Structure formats: C-alpha cells, structure tokens
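Asker: structure, please.
(chains A, B and C)
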Amino acid sequence: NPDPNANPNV
Amino acid sequence: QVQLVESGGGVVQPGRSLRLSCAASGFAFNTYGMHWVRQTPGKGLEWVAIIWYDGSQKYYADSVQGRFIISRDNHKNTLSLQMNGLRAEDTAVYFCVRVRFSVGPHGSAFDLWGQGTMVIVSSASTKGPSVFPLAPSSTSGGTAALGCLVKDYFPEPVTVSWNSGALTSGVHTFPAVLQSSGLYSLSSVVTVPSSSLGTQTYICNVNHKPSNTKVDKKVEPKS
Amino acid sequence: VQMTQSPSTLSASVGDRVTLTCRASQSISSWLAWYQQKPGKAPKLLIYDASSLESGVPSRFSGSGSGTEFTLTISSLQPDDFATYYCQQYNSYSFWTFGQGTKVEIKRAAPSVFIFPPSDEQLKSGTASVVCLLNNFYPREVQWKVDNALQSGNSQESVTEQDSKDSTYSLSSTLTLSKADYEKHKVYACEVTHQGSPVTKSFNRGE
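Answerer: Numbering: from 1, shown residues only, chains lettered A, B, ... in the order given. Next comes the structure:
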C-alpha cells in the first residue's frame, strides 16, 4: 500500500 | 474562470442514504484529483474522502470508512458522494474540493471550494418552537441582559425580532445548534438599560415558517 | 496528525501586524496550507507549502515554518481580512487534517458575563437550560461547574458575528439538563477564562 497523499493529478 | 457547485443536500432520516453531487466547470475535471470536506461549526472542518483523477485509488476517513462511497464521472465532470447509514454526527456543510495542480510525487493544497451543501441527519418531524424567558436580575457591564430561548424546533429557520421589530440595538440572535434530540435550539439576547426593566416591556417575536407557528414571549424580571 | 491553532480567537485592528501560530502534533515537513473563511462562505486558499503564496492573494499575507511549528503573518491588516484562518497538513500517509482555526475579529465594549437560571416554564416542561452569556468578550477555546464539579458533553456553545451595526459580538454556552437532574444540585456556575482572569458568574437554585 503506497502513500495516499501521492500526486492525485495527471 | 473555475467553479464548483454542490447539490442534493437536505434533511435525511438517520440510517438512510443520501447522495451528494458536485458540478465542475472551467477546468479539466479529468486531470484533477477531487475531495470531499465537510464542516460543522462545533468541530471545524474534517476531510471525508479523496478520489484519484482516473478513479484508481479511493480513501476515506476513519469516521466514514465503509459507509461512504466516493465516485466521479469524467464524462459529465461530476463528483458524487454516496452516504449510507447516516448518523447524526454526519450533519455538516459538505464541500467538494479540488487539489492544486502539482507536478511531482506528492499532492498539494486545496485551491478550489464549492459554495457547500447542507445535510441535516435527524429523525425529527416538523415541530413548533418552545420559547422560554431569560429574565434579567440586576446586572453588570453598565446595563442589564435579557433574552428568549428558542428551544426544540425543527427544521430551520426561525426569525427572531424584539418588540415587534422596534428593538434592534444590542439584539444578538445566536446561530442555531442541532441538539442531541435532533431538534434545533438558539438563544436571542438583548442588552437593555437597567432602568427600563420596570418601564419598558420586552417581548420577543419568534416565527417558525416551516411549522406555521408564531410565538411571542414577554420577558420580565423575576422577583 | 493533530493540528492545534493558538489562540482560538484574536482581536486586532486595521493596519496591525498579525502572526497566527499553527502547531502540528507530529512533523509534517513543509506540507502545510493556510486558508481564510468568511462566515457562510467557502474556504479560500492563501498559502500552500507553508511558504508559497497562492495566485491572487495579496502580498500582505506571508507564511513560514517547517516541521511542527508554522506561522501565518499579515503585514498590515485590512477590513476584508477579518475572518477565520485554518492550517491543514497533507504530509506523508497522514491524510488531511485541519486545525480548530483562529478567528481574527475587530476590537471593541464593556466585557460582561451573565448567567440565566432555567425558566419556571421550562421546569414544567421537564427541561432545565442554564444559559451563560458573554458580551464583547471571548474565551480561550467557557467552562461549566455544577456544585463545584466540571461538566462535559452536556454544554453547547454558539457565537454571533460582528456587523456594520456595531463591533459587538457575543458567545452563549447552554447547559441542558433534565428537571430530575436539576433539582439534585444547588450551585450552578459558569467560569470563563480570558487572560492573566476567569470570571465565574453563579447562582443558587431558587434564589
């Protein structure tokens, strides 16, 4: 399970 | 220009379901990661859920984990939030939020907010307010304080005036609070000179249009 | 992460330099955001990355800090700056958490505290609501003590908003108890601590 705060954009 | 508009809010029975919508415009919806952030004046803001731009990764807060289902429609540029098993604490102003366009491995702040949609989780039906007096008894600060206690009414809103609209200076109609009973309550206090307690009559006027009830209450000091 | 903002509410004037301190329980590096929210309006982002200004924000807003301590600075306050400011963390697996917020209000006047015993009409209804009124005066969060015993959960607090009519504001804390649980106690008190300075308006049941 990676970081949920990772870049959520394209 | 860029904007977000929410819809679908309202009063919902506890344990039932209610789906909120968010209309996007101006910006490329499919290229942004979205959020749901609610807010109650008693506890501040609270993050609810996030959905990835492609809808791959979805996360929820512990208080809403397993009961809320976040989803998006890149075709119609709409962000939706399915709320199930709604408890009374879910009562908050829900905002759909857009993250700031960041380049890198990490996300960014919240650069876009909608006007907000209000959801009220309560089993209460329409009920007229019970107005109780807050009698003055000399008192401090150079003047005296008196008011009315609008308690146990549902739903919002109620309009409060004093002396049929004549008394407006010093009138502080507090915002309503949703009690644990599921009903609303507020206090409207006015600071008046201590001399005019026995001379001037003080009558508050509470009108509850949803219940079609208009309660007036003459507050007088207690001996 | 738990974001704590101190003070809860702060009084200021036009042209003053305002420094709002934000503290994180853990370390969030420089992944902190500042917001401004007018009453009834959507939050408006001011500073991201704890030191980077957002497009459209005037230069008077400046931000600094890293790790656990952060500060939002306004060089010169403006009439359209009186609002509530929030700081939020978005670092690492710690998802997204806001503080309680700091409300910046305009000064002024006489700070007074009132307490209202439950009305006789309400006692017939089986409910007993003790209302504590704060006028032109703010706490650092108002406590309730019944027979010299701190209360919790049964109190509910609300605050008005200043307007063009006057800079007067008010805060009301209401202690809701049943009639059965109200005849069992005599001394009802309301203590509000402001500075170094708690005022404790009380009353004995009946008279």
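
Asker: setting aside sequence neighbours, what's the nearest residue to the residue nearest in space to the middle of chain A?
Answerer: Geometric centre of chain A, nearest residue: residue A:6, 2.3 Å, by C-alpha atoms, centre = their mean. Of all residues not flanking residue A:6 in the chain, residue B:105 sits nearest, at 6.1 Å (C-beta to C-beta, 6 or more residues apart in numbering or on different chains). From N, CA and C alone the C-beta is placed, and that goes for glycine too.

Asker: tell me, how many residues neighbour residue B:146?
Answerer: For residue B:146, the neighbour count with other C-beta atoms under 10 Å in any protein chain shown is 24.

Asker: ok, the one 4 residues further on next?
Answerer: Residues within reach of residue B:150, counting by other C-beta under 10 Å, total 25.

Asker: could you list every helix and strand in contact with the helix or strand hosting it?
Answerer: Secondary structure from DSSP states H and E places residue B:150 in strand B:144-153. With contacts taken as 3 or more C-beta pairs under 8 Å, 6 or more residues apart in numbering or on different chains; DSSP states H and E, strand B:144-153 sits against strand B:130-134, strand B:184-192, strand B:202-208, strand B:213-219, strand C:112-116, strand C:127-135.

Asker: let's go with 7 Å and repeat that
Answerer: Applying 3 or more C-beta pairs under 7 Å, 6 or more residues apart in numbering or on different chains; DSSP states H and E, one finds that strand B:144-153 contacts strand B:130-134, strand B:184-192, strand B:202-208, strand B:213-219, strand C:127-135.

Asker: make a markdown table out of the ones you listed and add distance to residue C:176.
Answerer: Below are these laid out as a markdown table (distance: least, C-beta to C-beta, whole Å):
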| stretch | distance to residue C:176 |
| --- | --- |
| strand B:130-134 | 12 |
| strand B:184-192 | 8 |
| strand B:202-208 | 19 |
| strand B:213-219 | 19 |
| strand C:127-135 | 5 |
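
Asker: and of the ones you listed, who's closest to chain A?
Answerer: strand B:184-192 (36.5 Å; C-beta to the nearest C-beta).

Asker: mind giving me the packing neighbours of the closest one?
Answerer: strand B:144-153, strand B:171-173, strand B:177-178, strand C:127-135, strand C:170-178.

Asker: which of those strands is buried the deepest?
Answerer: strand B:144-153 (a mean of 25; mean count of other C-beta atoms under 10 Å in any protein chain shown).

Asker: partners of it in the sheet?
Answerer: Strand pairing for strand B:144-153, using DSSP bridges, gives strand B:130-134 (antiparallel), strand B:184-192 (antiparallel).

Asker: make a markdown table out of those and add mean neighbour count and distance to residue C:151.
Answerer: Output for those, formatted as a markdown table (neighbours: other C-beta atoms under 10 Å in any protein chain shown; distance: least, C-beta to C-beta, whole Å):
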| stretch | mean neighbour count | distance to residue C:151 |
| --- | --- | --- |
| strand B:130-134 | 24 | 20 |
| strand B:184-192 | 25 | 17 |
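
Asker: can you tell which of these is closest to residue B:43?
Answerer: strand B:184-192 (17.4 Å; C-beta to C-beta).

Asker: strand C:112-116 and that closest one, what's the angle between them?
Answerer: 120 degrees (axes from the mean of the first three to the mean of the last three C-alpha atoms, to 10 degrees).

Asker: from the chain's centre, how far out does strand B:184-192 sit?
Answerer: 18 Å (C-alpha atoms, centre = their mean, to the nearest Å).

Asker: next one: phi and psi at residue B:62?
Answerer: phi -60, psi -40 (degrees, to the nearest 10).

Asker: which residues touch residue C:4?
Answerer: With contacts defined as C-beta atoms under 7 Å, 6 or more residues apart in numbering or on different chains, residue C:4 is in contact with C:23, C:99.

Asker: coming back round to it: let me know the angle separating the strand holding residue B:150 from strand C:170-178.
Answerer: 50 degrees.

Asker: re earlier: now the residue nearest to the centre of chain A: how far from residue B:191?
Answerer: The gap separating residue A:6 from residue B:191 is 54 Å, by C-beta to C-beta, to the nearest Å.

Asker: residue 9 in helix, strand or coil?
Answerer: Let's take chain A. coil (DSSP: H, G, I helix; E, B strand; the rest coil).

Asker: that one reaches residue B:102, doesn't it?
Answerer: Yes: proximity of residue A:9 to residue B:102 meets the contact threshold set by C-beta atoms under 7 Å, at 6.5 Å.

Asker: and chain C, what are its domains?
Answerer: If you go by automatic domain parsing, the domain ranges for chain C are C:3-106, C:112-204.
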